[PDB]
Amino acid sequence: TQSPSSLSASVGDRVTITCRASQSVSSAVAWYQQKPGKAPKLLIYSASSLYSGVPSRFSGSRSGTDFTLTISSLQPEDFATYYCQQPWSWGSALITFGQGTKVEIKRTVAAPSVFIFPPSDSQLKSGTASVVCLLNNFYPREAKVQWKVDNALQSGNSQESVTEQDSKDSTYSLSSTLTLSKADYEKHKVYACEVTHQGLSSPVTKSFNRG
Amino acid sequence: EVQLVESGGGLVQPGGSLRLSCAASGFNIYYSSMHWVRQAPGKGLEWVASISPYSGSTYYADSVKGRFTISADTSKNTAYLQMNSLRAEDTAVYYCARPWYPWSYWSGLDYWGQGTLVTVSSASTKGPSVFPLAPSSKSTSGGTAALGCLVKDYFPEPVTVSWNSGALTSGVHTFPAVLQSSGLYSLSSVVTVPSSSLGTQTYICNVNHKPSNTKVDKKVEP
Amino acid sequence: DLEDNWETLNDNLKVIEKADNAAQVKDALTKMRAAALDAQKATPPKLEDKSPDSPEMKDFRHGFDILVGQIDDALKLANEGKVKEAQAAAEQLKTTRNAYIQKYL
């Protein structure tokens, strides 16, 4: 139902994640770590107990109706998603997990390289056209991709996808796919992909003419 | 050393049934509390059910109450999650977990299975269609060029994309698949290359889709 | 009566902690299970004039399904000779009990 929150931080940073309880959070709470493709790992048990093999830079505390996970000095391998196990309340489900918090690497603004690709001839034979737009190696994650077909701005007929932060340069990349019927694709000439991002002083447009 | 090894996940249609296995090693599953925790693609952890075998006490989240049924076979030392009347929202990686003592679930779940993917969909397994993403003729005369492959209309996840059979990894970007409204997935994989190599060096994308036993090598050129 | 039922549970919990012989802890747990099951059918002040079908009353009786289950757990360990385990199990009812006082008092 819910996606994880996100948070940007550098190595060496002090980060404190807060989970909110509907009462005096008392002792029976836990904190988990999860990296993509892998099961969560128990980090802190019973509010403040350090699970075995967990570095001492992780700590867990509790105050009033709040309880917290603190990483005193973020290390490169601490970039992961963090989950809290909420304290039981009377009548509640036996175990409940909080929303989830993804810690990502802060880095300097990087503008995307932008490339557009017309549909193949193989695919036009099938009855569908897929115009693809690439935004390569940018940061931060927030980019806007405006599809223009013969200067008519489009909405509702594309899909996006973003990669996880690159392991080497901590950038993102995004693919947008405008999908038209073959008949609709041939009724138009100029296909443009307009990209706006914090790293661009003004939008970047990439386009081609059909034929 | 406590080990939890899962199985039984796979494909099932809406309304179908599927039974997951959590095989326990290193302890006697009779004296424990076993828990199922699931996670839908891109979302968070959701606790689903738990059983204390020795006592038979059993608990369920509301979202699965009446449809799912947790159980254990102590002779086989495994716990089960019988999933009936499944729906698309039940699509998730399902984990099994267990606390330190059979009664310490509220302090944390120490041990976790590796998880098994369950995909609920009426789609039939189908290999992908691969289309080229040809490099723009008018790219930087001596700079960077981008090319790739569009892997379209396959079910289920996953597909593997490689380039030049592994010889090409720098600059590769294989995107997460998106679920088209037909029920089939599609993704793209791109790589940036020196503009100069376009006329000489050869770029092939290798698209493997194990579920359907489909493997498509497609050459990309201007 | 509800407040009596909790007096039972809190007293008998102490009996388990302080017990000298397995017969003590089993007879304590048995007393606690009835008080728990008894309390489940009561209604507390904070929900005096709430429908028996309401969310609040469903929550009330649901919480007791946990408390009874945890007792049943300890009772089974005791009946099976895992009597030290049954004692540690019973410490968990303090967490359950804290969730009660937090919510209804």
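Residues numbered from 1 in each chain as written, not as in the entry; some residues may be left out. Chains lettered and ligands numbered in written order. Heavy atoms only, no water.

Header annotation of the entry names X-ray crystallography as the structure determination method and lists the resolution as 2.80 Å.

(A) Representation of the interface of chain B and chain C within the structure. In this assembly, ten residues from chain B lie in contact with 16 residues from chain C. At the boundary of chain B with chain C, total buried surface from both sides reaches about 1,200 Å², with 64% on carbon and sulfur atoms. Summed over the shared surface of chain B and chain C, the number is zero salt bridges. The interface formed by chain B and chain C contains four residue pairs in polar contact. In terms of residue class, the side of chain B that touches chain C is made up of seven nonpolar, three polar and no charged. (Contact = heavy atoms within 4.5 Å. Buried area = accessible area lost by both parts, 1.4 Å probe. Salt bridge = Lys/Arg side-chain N within 4 Å of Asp/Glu carboxyl O. Polar contact = N/O pair within 3.5 Å; in protein donor to acceptor, adjacent residues only side chain to side chain. Nonpolar A, V, L, I, M, F, W, Y, C, P; charged D, E, K, R; others polar.)

(B) Spatial organisation of the domain arrangement of chain A. All names here are of chain A. Along its sequence, chain A is organised into domain 1 (5-105) and domain 2 (113-209). Placing the centre of domain 1 and that of domain 2 at their C-alpha centroids yields a distance of 38 Å. Contact with domain 2 buries surface across domain 1, with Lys102, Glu104 and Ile105 losing the most and accounting together for 84% of the total. Along the contact surface separating domain 1 from domain 2 lie one salt bridge. Linking domain 1 with domain 2 are five residue pairs in polar contact. (Domains from an automatic or database assignment.)

(C) Seen up close, the state of the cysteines. All names here are of chain B. Under the definition given, this model contains four disulfides over all chains. Note that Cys22 is cross-linked by a disulfide to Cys96, the S-S spacing being 2.0 Å. Across the S-S bond linking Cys22 and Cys96, the dihedral sits near 70°, which makes this disulfide right-handed. Here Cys22, found in strand β3 (residues 18-25), pairs with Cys96, found in strand β9 (residues 92-98); they are 74 residues apart in sequence, far enough to count as distant. According to the relative accessible area criterion, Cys22 is buried, its value standing at 0%. Exposure remark for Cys96: the relative accessible area of 1% places this residue in the buried category. For chain A, the bonded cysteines pair up as 1-2, 3-4 when numbered in the order they occur along the sequence. (Disulfide = S-S within 2.5 Å. Helix = DSSP H or I, 4+ residues; strand = E, 2+ residues; numbered from the N terminus. Buried < 20%, exposed > 50% of the residue type's maximum accessible area, 1.4 Å probe, protein only.)

(D) Here's a closer look at a negative patch on the surface. Residues and elements named next belong to chain C. Residues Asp1, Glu3, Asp4, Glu7, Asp11 and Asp38 make up a contiguous surface patch of negative charge. Mapped onto the fold, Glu7 is located in helix α1 (residues 2-17). Residue classification places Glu7 among the partly exposed residues on the basis of a relative accessible area of 46%. (Patch = residues over 30% accessible without salt bridge, like charges linked within 9 Å, V, L, I, M, F, W, Y side chains within 5 Å. Areas by Shrake-Rupley, 256 points an atom, 1.4 Å probe, with all protein chains shown as cover. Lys, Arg positive; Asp, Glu negative; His and termini not counted. Charge placed at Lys NZ, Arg CZ, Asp CG, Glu CD.)

(E) Spotlight on the pairing of strand β19 (residues 214-220) of chain B. Residues and elements named next belong to chain B. Two strands pair when backbone bridges link them, and strand β18 (residues 203-209) and β19 are joined in this way by seven bridges, in the antiparallel orientation. Considered in β19, the bridge of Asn208 is made with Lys215. Between β18 and the antiparallel strand that follows it, β19, lie four residues; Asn213 among them carries a positive phi value of about 65°. (Pairing = 2+ DSSP bridges.)

(F) Main features of the packing of α1(C) against helix α2 (residues 22-40) of chain C. All names here are of chain C. With their axes 9 Å apart at the nearest point, α1 and α2 run at an angle of 160° to one another. Comparing the axis directions of α1 and α2 gives the class roughly antiparallel. In this structure, α1 crosses over α2, and the sense of that crossing is left-handed. Counting all contacts with α1, which are made through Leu2, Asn5, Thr8, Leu9, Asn12, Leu13, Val15 and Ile16, the residues of α2 involved are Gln24, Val25, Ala28, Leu29, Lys31, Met32, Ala35, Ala36, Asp38 and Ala39. (Axes fitted to C-alpha atoms, helices over the stretch in contact; angles between N-to-C directions. Parallel < 35°, antiparallel > 145°, perpendicular 65-115°, else oblique. Left-handed = near helix turned anticlockwise from the far one by under 90°.)

(G) The arrangement of the interface of chain A and chain B in detail. Across the boundary between the two partners, chain A contributes 46 residues, which contact 44 residues of chain B. Counting the surface lost from both chain A and chain B, the interface buries some 3,700 Å², and carbon and sulfur atoms represent 64% of this. When the buried surface of chain A facing chain B is broken down by residue, A:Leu94, A:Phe97 and A:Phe117 rank first, second and third, together holding 17% of it. Here chain A is connected to chain B by zero salt bridges. One can count 13 residue pairs in polar contact joining chain A with chain B. Contributing elements (two or more residues each) for the side of chain A that touches chain B: β3 (30-34), β4 (41-45), β8 (81-86), β11 (113-117), α1 (121-124), β12 (128-138), β15 (158-162) and β16 (172-181) of chain A. At six residues, the largest contribution of residues to the side of chain A that touches chain B is made by β12(A).

(H) Seen up close, the pattern of salt bridges. Going through the model one piece at a time under the given rule, you end up with 18 salt bridges over all chains. A salt bridge links A:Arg57 to A:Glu77, with the nearest nitrogen and oxygen atoms 3.0 Å apart. Here the residue A:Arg57 occupies a position in the loop between β5 (49-50) and β6 (58-63), and A:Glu77 occupies one in the loop between β7 (66-71) and β8, the gap between them amounting to 20 residues. When salt bridges with common partners are traced through the structure, they connect B:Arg38, B:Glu46, B:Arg67 and B:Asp90 into a single cluster.

(I) Layout of the sheet that holds β19(B). All names here are of chain B. The antiparallel open sheet is built from three strands, whose spatial order is β14-β18-β19. Bordering the open sheet on either side are β14 (160-163) and β19, each of which pairs with just one other strand. Put simply, the sheet's adjacent strands are angled 20° from each other on average, direction ignored.

(J) Geometry of the packing of aromatic side chains. Applying the stated criterion across every chain yields a total of 31 aromatic pairs over all chains. Between A:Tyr32 and B:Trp112, the ring centres sit 5.8 Å apart and the planes meet at 75°, which makes this aromatic pair edge-to-face. Separated into two different chains, A:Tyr32 in strand β3 and B:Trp112 in strand β10 (residues 111-112) make up a pair that spans both. Members of the aromatic cluster, each reached through a chain of ring pairs, are A:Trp88, A:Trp90, B:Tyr105, B:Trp106, C:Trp6, C:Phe60, C:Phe64, C:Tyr100 and C:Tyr104. It is B:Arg98 that lies over the ring of B:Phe27; its NZ or CZ is 4.3 Å from the centre. (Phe/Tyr/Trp six-rings, centres within 6.5 Å; stacked < 30°, edge-to-face > 60°. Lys NZ or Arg CZ within 6 Å of the ring centre and 35° of its normal.)

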